[PDB]
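The chain below stands alone and is given as structure tokens, in the form deposited in one PDB entry.
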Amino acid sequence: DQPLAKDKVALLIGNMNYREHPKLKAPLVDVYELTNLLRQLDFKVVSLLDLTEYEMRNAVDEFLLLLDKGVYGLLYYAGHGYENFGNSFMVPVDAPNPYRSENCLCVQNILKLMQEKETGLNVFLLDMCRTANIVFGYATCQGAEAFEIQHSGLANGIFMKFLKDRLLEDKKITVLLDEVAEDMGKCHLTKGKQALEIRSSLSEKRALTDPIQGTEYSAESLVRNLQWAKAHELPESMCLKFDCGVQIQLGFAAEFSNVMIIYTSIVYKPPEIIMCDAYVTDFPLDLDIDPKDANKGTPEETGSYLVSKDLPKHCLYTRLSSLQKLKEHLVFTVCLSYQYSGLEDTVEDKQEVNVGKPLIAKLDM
């Protein structure tokens, strides 16, 4: 009979904004598209961008605790990576130049910890820039040379380009990764720029497409679902009524588990008010929001290019990345600049908004 998953859980980490090393662009697109693909396959996904050492360790340790008997897990990392005496390491964004293994996450130790699990399937995919049923995919590419033409910017990396066209196939994961490796070989344009090593201990016909076992509302199942729901909570849409009668709608969208977009629009303006501007300000110092990047006419201007399609139009947009850096409640100000018909003077009002700890910030861990 057909193989089944107890559950399907995934942790996707994309590092781009390196403090002491070259900046990367592909992790943003790859993490976003892989998230949507795994969602189609009924995975609960945590997608995190630009994590420090402490943040990566917390994320990986908590992902591993979800790996109960029969659970299908997937760990994906895209960013800088290095090899030191056969051992590979994932480089966090706060890593000093040059790398030191103690500042990095040891790949082999994660594989060792995965081995101790009774998972139905455990897929660990490394997309680095240079019985547990574990399938390890180690992809390496050279970093872009200084005088090389930067292409699309919204382009996928070589590994995701090939992986995304095969990942939805109802096929044994080992067989599937083998065909991705072959497709990479068949492309002479990528033949010298991208490598893929697959390591497998898979002894059964497991696939990412395998169905999740019939609804068992166990405490173990509820723990996994709660922990993932707890981190994917968006504040509800707000209607702020100003004393002058002007009504502002405040909306919240998620781009990643640590990335939220805030948007505002004037939903009601009394006939007596002629000019009317709403804008957000005074964000927690921890989020490091540059006001120059806030209140934009388009999401693309905020550095938000993935959710841009799903966002309501004719709003002012603010991108709140690095949500895991929020220690307190997300408190900010909604400012209003208005003017009555005829009158020269501009009247000003403001309302403080507290939206709690949204998305991954809710994790007091």
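Here, rigid core means the biggest group of C-alpha atoms that superpose within 1.5 Å across both forms. Counting begins at 1, following the sequence as shown.
Coordinates for residue 116 are present in every one of the other compared entries of this protein that model residues on both sides of it, well short of the third needed to count it as often missing. Modelled in this chain, residue 266 is likewise resolved in all the other entries of the protein that span it on both sides, not missing from even a third of them. Where coordinates are absent for parts of the deposited sequence, a chain break appears; between neighbours residue 130 and residue 131 it spans 10 or more residues. Remark: stretch with higher mean C-alpha B factor among 141 to 149 and 156 to 164 is 141 to 149.
65 to 73 and 336 to 344 differ in mean CA B-factor, and the higher of the two is recorded for 336 to 344. The entry lists C-alpha B-factors for 87, 265, 295, 209, and the highest of these is at 87. When the C-alpha B factors of 103, 122, 225, 247 are read from the deposited coordinates, the top value falls at 103. Placement of the Cα temperature factor of residue 22 within the chain: highest third of the modelled residues, per the deposited record.
Compared with the other modelled residues of the chain, the Cα B-factor recorded for residue 28 ranks in the middle third. When the modelled residues of the chain are ordered by C-alpha B-factor, residue 92 sits in the middle third.
Residue 284: CA B factor in the middle third of modelled residues in this chain (values from the PDB entry). Among the modelled residues of its chain, residue 188 has a C-alpha B-factor that falls in the highest third according to the deposited record.
The form solved in complex with a partner chain exists for this protein as well; it is not shown, and the discussion that follows is about that form.
Remark: of stretches 248 to 256, 273 to 281, 218 to 226, 143 to 151, the one touching its partner chain in the entry with it bound is 143 to 151 (heavy atom within 4.5 Å). For the options 129, 261, 231, 95, the one in contact with its partner chain in the entry with it bound, meaning a heavy atom within 4.5 Å, is 129. Interface membership of residue 350, defined by any non-hydrogen atom within 4.5 Å of its partner chain in the entry with it bound, is ruled out. Not displayed here, its partner chain is kept clear of residue 11 by more than 4.5 Å at the level of heavy atoms in the entry with it bound.
Proximity of residue 355 to its partner chain in the entry with it bound: non-hydrogen atoms within 4.5 Å are absent; the residue sits far from the partner. Of the heavy atoms in residue 19, none are within 4.5 Å of its partner chain in the entry with it bound. With the rigid core aligned between the shown form and the other one, only one of 141, 287, 168, 181 has a CA shift of 2 Å or more: 141. Relative to the superposed core, residue 105 undergoes a C-alpha shift smaller than 2 Å between the shown form and the other one.
Core-superposed comparison between the shown form and the other one: CA of residue 114 displaced by 2 Å or more. After superposing the rigid core, the Cα of residue 209 is displaced by less than 2 Å between the shown form and the other one. The distance between the CA atoms of residue 143 and residue 48 is at least 3 Å longer in the entry with it bound than in the form shown here.
Relative to the shown form, the CA atoms of residue 24 and residue 147 are brought 3 Å or more closer together in the entry with it bound.
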